[PDB]
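Start counting the sequence shown at 97; every next residue gets the next number (mature numbering (1 follows the signal peptide of the UniProt record, and there is no 0)).
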Amino acid sequence: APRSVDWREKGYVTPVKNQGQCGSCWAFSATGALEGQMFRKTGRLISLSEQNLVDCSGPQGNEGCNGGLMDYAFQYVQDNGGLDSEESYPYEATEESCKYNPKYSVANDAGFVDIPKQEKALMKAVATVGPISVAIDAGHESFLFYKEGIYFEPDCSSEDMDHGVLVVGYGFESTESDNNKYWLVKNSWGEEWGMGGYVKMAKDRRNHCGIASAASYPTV
Ligand SMILES: *[C@@H](O)CNC(=O)OC(C)(C)C
Ligand code: NA
Ligand code: NA
């Protein structure tokens, strides 16, 4: 596979968004992955509505601001036959009744693909598909204050994830400890967090923070 990949350079990735004080991380991860696959299909980058997923994808198993799963969101889009644009169905950071309107749908999918729970399989998927939805353990103060560098948290769990994010690539940089490899991860806490809203997560350090344990993407 390539040693470095950055799907932002190829135009697959919208700007960083902010979920606010709602547990909708899973909706931002899913829109990010579908935004990439729709651009790969059509050549158009269109920002998609998280509020649409928060309000409407409960029948697929999601729970609004109390959590959800990207795969449940991809299933909703398939079941529903559409997903509205971000401009048409803006984000309010609170759960409300479903207001989906197919006239303003700009995306679709036909299911999704779950990646084997190995970082090597995640690398192959990032290298060949585009941005991938992933779940991580972000429940540590170090993750809140992250500014730059390769994030490594020794108390991070590989099994108990609490936050959905989006792998847009991977790469490397020389470090003190010679643990030089990272996943390039888009968060949804605004661009003031981390590095313009991105974080470099330690790669090939034993599935650090669980980044390869629930990885998937939508099929378009
Ligand atoms: C993020 O706002 C809420 N966390 C969440 O839904 O975690 C997973 C279920 C692990 C995606
Ligand atoms: Na919070
Ligand atoms: Na279903």
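Ideal placement from N, C-alpha and C gives every residue a C-beta, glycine not left out.
According to the DSSP assignment, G260 belongs to the beta strand (DSSP E) that extends over 259-268. By a beta-carbon distance limit of 8 Å, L262 contacts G128. Their separation comes to about 4 Å. When secondary structure is reduced to three states using DSSP, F124 falls in the helix class. Between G178 and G293, the alpha-carbon positions lie close to 28 Å from each other. Listed in chain order, the non-local C-beta contacts of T110 below 6 Å within the same chain comprise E131, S143, local neighbours out to five positions each way being set aside.
Between the stretch 248-255 and the stretch 136-151 there are fewer than three C-beta pairs closer than 8 Å, too few to call the two in contact. In this structure, DSSP gives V295 an extended state, which the three-state scheme calls strand. The stretch 208-218 makes contact with the stretch 160-172; the number of CB pairs closer than 8 Å reaches 3 or more. For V173, the enclosing alpha helix (DSSP H) begins and ends at 166-176. In this structure, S229 lies away from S100, with their beta-carbon atoms at least 7 Å apart.
Where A223 is concerned, the enclosing alpha helix (DSSP H) starts and stops at 215-224.
DSSP places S238 in the uninterrupted alpha helix (DSSP H) bounded by 237-241.
At least one heavy atom of ligand 2 lies closer than 6 Å to the C-beta of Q117.
Remark: three or more beta-carbon pairs, one from each stretch, lie closer than 8 Å, so the stretch 230-246 and the stretch 283-300 are flagged as touching.
Contact between the stretch 259-279 and the stretch 186-204 is absent: fewer than three C-beta pairs spanning the two stretches fall below 8 Å. For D258, the CB falls within less than 6 Å of some heavy atom of ligand 1.
For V150, the enclosing alpha helix (DSSP H) has its first and last residue at 146-152. A distance below 7 Å between beta-carbons, with the five flanking residues on each side excluded, links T315 to the following residues of its chain, in chain order: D205, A206, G207, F208, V209.
Looking at the backbone, the Cα of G226 and that of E159 are separated by about 27 Å. If the five residues before and after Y187 are omitted, its C-beta is found closer than 6 Å to the C-beta atoms of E146, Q147, all from its own chain and listed in chain order.
At a threshold of 6 Å, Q171 counts as near ligand 3, since its beta carbon sits closer than that to one of the ligand's heavy atoms. Between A310 and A221, the CB-CB gap reaches or exceeds 7 Å.
Relative to ligand 1, the nearest heavy atom lies less than 6 Å away from the CB of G163.
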